[PDB]
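Numbering (our numbering), first residue to last: 175 to 1064.
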Ligand SMILES: CCCCCCCCCCCCCCCCCCCC(=O)O[C@H](COC(=O)CCCCCCCCCCCCCC)COP(=O)(O)OCCN
Ligand code: HEB
């Protein structure tokens, strides 16, 4: 009966302590991860028995706390669903612990492989009992080099049980032989002995057949290394392939094209692009690496039956959050009701010579060109995309993208010294030099004084391992290699994919040069000279134009080009009206500009409402009318622009990732405008959500902008995830601000102006509401990351830097909220203190981890002020939170 459990003291008082213990453990894990720099941290905490008991303790106490609170006598269903989920989540992780297979699969031509090779290391012990039997055991013993654990496993049953010990990693490798030597001792009745292990290479234990001991009942077999597991079906390669970028002989994309077969089930072919996955059984396969002989490829493999229950838990959690945010008698709506109750050829001047014309651009935008992905495009968009992926700036020093495109084409050697290419990490620039706080590099910078492309070796080594989770640097090298190859393609004309190779579609659409040299010269063509003199006139007029500025000869040349394409292309020839309309859209669309107002308006309305409640009198409805009218105007403009988007582009609002989040922002601002011509803060929140979603979506088309043949980060899950996390941190910052304001106000009250106490209560309520929103959004967000990882790059959630700390933020804010039930009185001041203090978890997750993947006394200057403020303000902390009052009272 529960009376004993009450003497176990399972109640909020203890649930808080368990959550705090879990948080501090998952935190300290980060520091030991750094200092040990290895899996040793997982040895101490993540996989230790600590959690394997603490999670059960937690679940049981949750159950007990709901029982003692009689949560099911009251109806309260939405909150039940919420804590119902976490139980499902944790039990799912639990099952994932025991049944989570893992390993690597070595696919090779004509091999017909059956074995997974595990990355989990193991030691092996076997004894041929005098009965010549096979008693065997496998012990994990996951040491590598930074940790050398004393084994304590002593099991066998043919006779007097085995006992074993490990001493020291006395390895002597020379890389001609992989001598991972290690010394150990073994015990048997009257026959204890000392031994050497010498683990073999990570490929497979075969040489470790040492056979250290022989006597029947004493014969022994020891090994240390990887084990293998057999699938129920065979796999083989059809033909591996690895394309190169032409300008660097560097790898572009992997392709497997494998086959699956069984002894009676006929073979099934299957295809795997570098981002694709195979699923035939419970197993799932991720292509992750290729052997440098380029005749075999490695697949990452996982099986985890815990997936479906955990997904059910995620769905339950989403539904619970959405339901609780509106269910009356929920704390959020109840605080809302409380609030409502109380209320040659040099660079300089070439930029000008390009910019101040626009005449050619007005028509060269109108040419039709291929992306060589397979899609025709109007020039403006292709050049926009190329310039945007080279320079992440929406615009350069000048030169609307088409202008810089022409410039790089026909004044190349100058732009070759311009710092176009963007680079993130300073480590990469450390190879190229000039390691200031630079944002860009020049194309010349990547070459030796000789013709050597210097980054080639770094990238060639990195791409072989980059597809998995990796250091930033391992991503930056390949991104910059891609951008460099694209700039090479922009040079020497290999992007001006104008001329069709045949009158019938048969579309390849050749370059300028090899068009003349090949198809044009090879085939009769006749249009040879025409095309020759057309392109030559183009080049001549352009190279003259920088001098004369009345270069319209290139404009007539462009008319010639367009007429040629018009009378040489087939049905692929888009109508001129549609081309004009597409460019017209790409210029006029609002979604770039609209990022700022949705934020600014929300903040400016929020601050004035804050000034209102700080003096406890309500704001005149005049401002409500004004700002609702402004939101209405922005909404009308946005809706019409989005409708025009749908009208011009057939992208079917179940569209590309970019437009989908535009529709989500539309929905958010709509919810704002339609249902809430009642309360200003609803406009604030709705506009802020729409603004954040819009900004993240627009950014999602800037950096991930496609070039050719490479995939990008357009996955719906990742975009939603980033947007949610950003909004959550915004809400949490607002919480921090409000709490700090409460702490300051506590200084002011002197019993002469009791109104400030009603203001205190109002602010505490608003802060708690905003923190509830923050916590719910952060909860959903953090798990969307685990969803994304599971379906994109690999296994699942995994104890990882910044992930544990997002979990710590969740944990701390959970502590803060339920806290209500523990602390008996003076809730306002307590809550203000905690709301300010807990912000450091978000600050960690956002900035600090990037330092701690030291004494920056800036943080000391911050925390000392916070501490002294709390100190002094505590002197007058006596207030309470009733829910029925007016005027002098709340
Ligand atoms: C259909 C099949 C039916 C089978 C039969 C019925 C079911 C029997 C079930 C038996 C279950 C026995 C075990 C129960 C206790 C296990 C508790 C620990 C579970 C756990 O740690 O899971 C981790 C998963 O990661 C995680 O992500 C854990 C989730 C996150 C942990 C915290 C929970 C979510 C956040 C909210 C917590 C509370 C908020 C405040 C903190 C494992 O680790 P791993 O993934 O590395 O495993 C791969 C290792 N090779
Ligand atoms: C998501 C996040 C979160 C988390 C993590 C949590 C976690 C928790 N939690 Fe929670 N909760 C929550 C969120 C939360 N939570 C909310 C939102 C609520 C609602 C409030 C009210 O309604 O009151 C609650 C509520 C609640 C309550 C109250 C209800 C009644 O009626 O009584 C309790 C007791 C609890 C406990 C708890 C515990 C023990 C734990 C550990 C696991 N919670």
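Ideal placement from N, C-alpha and C gives every residue a C-beta, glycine not left out.
| query | result |
| --- | --- |
| In this structure, how does DSSP classify residue 1055 when only helix, strand and coil are distinguished? | coil |
| In chain order, what residues of the same chain have a beta carbon less than 6 Å from the beta carbon of residue 582, not counting five sequence neighbours either side? | 589, 664 |
| Closer than 6 Å by C-beta to residue 945: which residues in its own chain qualify, once you throw out the five before and the five after it? Chain order, please. | 909 |
| Please indicate yes or no: does the CB of residue 234 lie closer than 8 Å to some heavy atom of ligand 2? | no |
| Straight-line CA distance for residue 859 to residue 866? | 11 Å |
| Can you give the Cα-Cα distance for residue 1060 and residue 788, rounded to whole angstroms? | 15 Å |
| Using a 10 Å radius around the Cβ and a threshold of 16 neighbouring Cβ atoms, would you call residue 1037 buried or exposed? | exposed |
| At a cut-off of 8 Å, would you count residue 946 as near ligand 2, judging by its Cβ distance to the nearest heavy atom? | yes |
| Would the stretch 737-755 count as touching the stretch 839-855 if we require 3 or more Cβ pairs under 8 Å? | no |
| In the DSSP assignment, find the alpha helix (DSSP H) that holds residue 575 and state where it starts and stops. | 575-584 |
| Going by C-alpha distance, which of 631, 612, 613 is nearest residue 621? | 631 |
| Looking at residue 445: is its Cβ nearer than 9 Å to the Cβ of residue 427? | no |
| Do residue 970 and ligand 1 come close, with the Cβ less than 8 Å from some heavy atom? | yes |
| Does the stretch 552-564 come close enough to the stretch 499-510 to have 3 or more Cβ pairs within less than 8 Å? | no |
| Looking at C-beta atoms only, is the number of pairs between the stretch 641-655 and the stretch 684-695 that lie closer than 8 Å three or more? | no |
| Per DSSP, what kind of secondary structure is residue 398 in: helix, strand or coil? | strand |
| Compute the Euclidean distance between the alpha carbons of residue 572 and residue 564, then round it to the nearest angstrom. | 15 Å |
| May I ask you to verify whether the stretch 921-929 touches the stretch 989-1008, counting CB pairs closer than 8 Å and requiring at least 3? | no |
| Quick check on the DSSP output: what are the complete alpha helix (DSSP H) runs of length 4 or more inside the stretch 664-700, in order along the chain? | none |
| Can you tell me whether residue 823 is helix, strand or coil according to DSSP? | coil |
| Could you tell me the distance, in whole angstroms, from the CA atom of residue 832 to the CA atom of residue 647? | 27 Å |
| Below 8 Å on the Cβ atoms is my contact criterion, and I expect residue 546 with residue 576 to pass it. Report the Cβ-Cβ distance as a whole number of Å. | Contact flag wrong, Cβ pair sits at about 19 Å. |
| Closer than 8 Å: is that where the CB of residue 365 sits relative to any heavy atom of ligand 2? | no |
| Nearest-angstrom Cα distance between residue 483 and residue 965? | 16 Å |
| In angstroms with no decimal places, state the Cα-to-Cα distance between residue 995 and residue 236. | 14 Å |
| On the DSSP letters alone, give me the boundaries of the beta strand (DSSP E) that residue 451 sits inside. | 451-453 |
| Assuming residue 222 is part of the alpha helix (DSSP H), what are its boundary residues? | First-last for residue 222: undefined, no H or E at that position. |
| Using the beta-carbon count (16 or more within 10 Å), is residue 684 buried or exposed? | buried |
| To the nearest angstrom, how far is the alpha carbon of residue 997 from that of residue 1063? | 23 Å |
| Compute every distance between the C-beta of residue 965 and the non-hydrogen atoms of ligand 1, then say whether any falls below 8 Å. | no |
| Are the stretch 969-986 and the stretch 1006-1017 touching, with three or more C-beta to C-beta distances below 8 Å? | yes |
| If you count every other CB in all the chains shown that lies within 10 Å of the CB of residue 1039, and 16 or more means buried, which is it? | exposed |
| In angstroms with no decimal places, state the Cα-to-Cα distance between residue 149 and residue 414. | As displayed, the chain neither begins before 175 nor continues past 1064, which places residue 149 out of reach and without an answer. |
| From the DSSP output, which residues share a beta bridge with residue 300? | 310, 395 |
| Contact between the stretch 392-409 and the stretch 281-298: three or more CB pairs below 8 Å? | yes |
| For my contact list, residue 167 and residue 213 are in at a C-beta cut-off of 8 Å; report their separation, rounded to the angstrom. | Lying before the first or after the last residue shown, residue 167 is absent from the chain, which here runs from 175 to 1064. |
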